[PDB]
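All remarks here apply to the structure that follows.
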Amino acid sequence: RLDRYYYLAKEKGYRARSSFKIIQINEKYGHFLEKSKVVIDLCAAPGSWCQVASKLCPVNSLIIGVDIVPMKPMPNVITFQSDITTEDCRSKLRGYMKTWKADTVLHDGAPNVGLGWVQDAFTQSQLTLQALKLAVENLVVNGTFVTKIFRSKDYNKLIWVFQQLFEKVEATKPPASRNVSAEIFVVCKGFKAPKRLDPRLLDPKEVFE
Ligand SMILES: C[S@@+](CC[C@H](N)C(=O)[O-])C[C@H]1O[C@@H](n2cnc3c(N)ncnc32)[C@H](O)[C@@H]1O
């Protein structure tokens, strides 16, 4: 909570304790950030995962962060304000991406407005599906997708959809997540980059019953 990771992150200049979650996931799952010349960070504010990517990615990497709340600028990182569930976000990201494909798409989204446990879990699951849809549109073949996901009655359905689009799909809970009961992280590796993509594979009405 206000624990060891909170204060280490402060002292190192990271904007949030959650910096350690992606550092630890990256260290266990093959240092994908060090291999990523283009990174999209979804639901990024205040921006500590963007800071991690800025530190670990090759120099001259393209790092793009998006959140509903404004983020303070970071050197050599692009940030903008949008709702990742919207066409607005879909269009702004495409302008920054130009002809590039992303090596890695990160997602650490969670609802801001509390609506009770059941609906907060569903909002988070909807966020995760939208983040996945953006990753499917932007990832290079064999790219990586890392997402926070809440434990809920829709977790299994999201995992299944992930397994249709990635060679390897693994749940993880790094040390900096140990005492955060709601959350698991899913590392998706080897984006299949299908020529034929099913609209239903990413349709919320089909995924969520
Ligand atoms: C857990 S924080 C992300 C922390 C970030 N990984 C870091 O290290 O600084 C979750 C963020 O998701 C954002 N969020 C929730 N729903 C969103 C949406 N629909 N579109 C964009 N951002 C959203 C919230 O504004 C919040 O900033």
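Chains: A, B, ... in order of the structure tokens. Residues: from 1 per chain. Ligands: from 1, in order shown.
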Near-ligand residues for ligand 1, threshold 9 Å, only C-alpha atoms and all ligand atoms, as a VMD selection string: chain A and resid 14 to 22 41 to 52 66 to 71 81 to 86 89 106 to 113 123 to 124 126 to 127 130 148
Alpha helix (DSSP H) per DSSP on the backbone: members of region 6-204 of chain A, as a ChimeraX atom specification: /A:6-12,19-28,48-56,87-97,117-138,155-165,204
Pairwise distance for CA of residue 171 (chain A) and CA of residue 12 (chain A), rounded to one decimal in Å: 27.7 Å
Those in region 9-206 of chain A with strand (DSSP E) from DSSP, as a PyMOL selection string: chain A and resi 38-42+62-67+78-81+102-107+139-150+166-172+183-191
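With only C-alpha atoms as the basis for measurement, A:169 is the residue among A:64, A:207, A:131, A:169 that approaches residue 192 (chain A) most closely.
Checking A:75, A:65, A:114, A:175 one by one against residue 25 (chain A), counting only C-alpha atoms, you find the shortest gap at A:175.
For the pair CA of residue 174 (chain A) and CA of residue 129 (chain A), the interatomic distance is 21.9 Å.
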Residues near residue 118 (chain A), cut-off 12 Å, only C-alpha atoms, skip fewer than 6 positions along chain, as a VMD selection string: chain A and resid 111 124 to 125 150 to 154 182
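We find CA of residue 24 (chain A) and CA of residue 57 (chain A) to be spaced 15.0 Å apart.
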Exercise: region 29-35 of chain A partners within 9 Å, only C-alpha atoms, chain neighbours under 6 positions left out, as an MDAnalysis selection string: chainID A and resid 23 52:53 55:58 103:104 144 187
A:180, A:62, A:161, A:202 ranked by distance to residue 137 (chain A), top pick (using only C-alpha atoms): A:202
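Minimum distance to residue 136 (chain A) across A:193, A:63, A:97, A:155 (counting only C-alpha atoms) occurs at A:193.
Restricting the calculation to only C-alpha atoms, the smallest distance between residue 102 (chain A) and any of A:194, A:143, A:13, A:204 is found for A:143.
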